[PDB]
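Enquirer: just coords:
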């Protein structure tokens, strides 16, 4: 399984449409993340509880996304500079910061798992245009035990030290990786496309990030000449 990023980088692109970074229709959002699972009428009930545990988290994520100024944070992390391109390191910090300030903590579970996200975000941007990426390489340190909305057991006071069955832990691994896949192949590339026009210098520097306004100023004289 791969993330063909160039197509993921120019699909449903809405430049500076900072509201359409995340699907604000919450029913559409969960079908986005869990395509078949979230409308199957034959889902195992352990999973149906997992999705139910997810309903408040996705709701909060949508609320945070709508009270956030993405124009603000990019002017801090990646302001207009002498260099006309934004350094990947600045693009890194910007993305990670955006996640840290809007994502509920129970979405990926722990900071440990959000580090695995941070590392995944670092690998991604550094890779050039038209580059397939092995997804399972990125799920490096994902602990399915740190994420509570996948814990559907409700045990009596005594026997709390119960070991999780293999079928159970394998199912939660699938769900978490399906959500992680949506973060990296849907959410992250849509954040990038909204802030930056992305391109390549065609040479050794095969990954370039130029702010959309800076890009529009730089192309204006070219578009202004068209008379052929």
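Expert: Cool, got the structure. Numbers count the residues shown, from 1 in each chain.
Enquirer: Which strands and helices lie in contact with the longest helix along the chain?
Expert: For the chain, the helix with the greatest residue count under DSSP state H is helix 45-66. The contact analysis (3 or more C-beta pairs under 8 Å, 6 or more residues apart in numbering; DSSP states H and E) places helix 45-66 against helix 26-33, helix 88-102, helix 105-108, helix 166-182. For the C-beta atoms, the positions are set from N, CA and C on the backbone; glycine is no exception.
Enquirer: Same list (those) but as CSV, adding mean neighbour count and distance to residue 51.
Expert: As requested, these are exported to CSV (neighbours: other C-beta atoms under 10 Å; distance: least, C-beta to C-beta, whole Å):
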stretch, mean neighbour count, distance to residue 51
helix 26-33, 15, 7
helix 88-102, 18, 21
helix 105-108, 19, 13
helix 166-182, 16, 9
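Enquirer: and of the ones you listed, who's closest to residue 201?
Expert: Smallest distance to residue 201 across the helices and strands packed on helix 45-66 (C-beta to C-beta): 13.2 Å, for helix 88-102.
Enquirer: hmm, back to that, contacting residues around the longest helix of the chain?
Expert: With contact meaning C-beta atoms under 8 Å, 6 or more residues apart in numbering, helix 45-66 is reached by 19, 21-24, 26, 29-30, 34, 37-38, 43, 101-104, 106-107, 148-150, 152, 168, 171-172, 175.
Enquirer: List the buried residues of it.
Expert: Within helix 45-66, the residues scored as buried using 16 or more other C-beta atoms under 10 Å are 47, 49-51, 53-54, 57-58, 60-62, 65.
Enquirer: Mind listing what's buried along stretch 191-203?
Expert: 191-198.
Enquirer: And for residue 163, the neighbour number?
Expert: 7 (other C-beta atoms under 10 Å).
Enquirer: nearest to residue 7, of the helices and strands packed on helix 45-66?
Expert: Across the helices and strands packed on helix 45-66, residue 7 has its closest neighbour in helix 166-182 (15.0 Å, C-beta to C-beta).
Enquirer: Could you list every helix and strand in contact with the helix or strand just after that closest one?
Expert: Following helix 166-182 in sequence order, the next helix or strand is helix 188-195 (DSSP states H and E). Helix 188-195 sits against helix 5-9, helix 70-77, helix 88-102, helix 111-126, with contacts defined as 3+ C-beta pairs under 8 Å, 6+ apart.
Enquirer: To residue 215, which of those lies closest?
Expert: Proximity to residue 215 (C-beta to C-beta) singles out helix 70-77 among the helices and strands packed on helix 188-195, at 13.5 Å.
Enquirer: just checking, what packs against that closest one?
Expert: Applying 3+ C-beta pairs under 8 Å, 6+ apart, we find helix 70-77 packed against helix 88-102, helix 188-195.
Enquirer: Of all the ones you listed, which one comes closest to residue 208?
Expert: Nearest of these to residue 208, taken as C-beta to C-beta: helix 88-102 at 9.5 Å.
Enquirer: Now do the closest one: distance to the chain's middle.
Expert: Remark: helix 88-102 is offset 11 Å from the chain centroid, using C-alpha atoms, centre = their mean, to the nearest Å.
Enquirer: Could you verify my assumption that residue 143 touches residue 108?
Expert: No: if you go by C-beta atoms under 8 Å, residue 143 and residue 108 don't touch, sitting 9.8 Å apart.
Enquirer: residues making contact with stretch 134-143?
Expert: The contact list for stretch 134-143, computed with C-beta under 8 Å, 6+ apart, reads 1-3, 109-110, 112-113, 115-116, 119-120, 123, 176-177, 180-181, 184-185.
Enquirer: Thanks again, I'm all set now.
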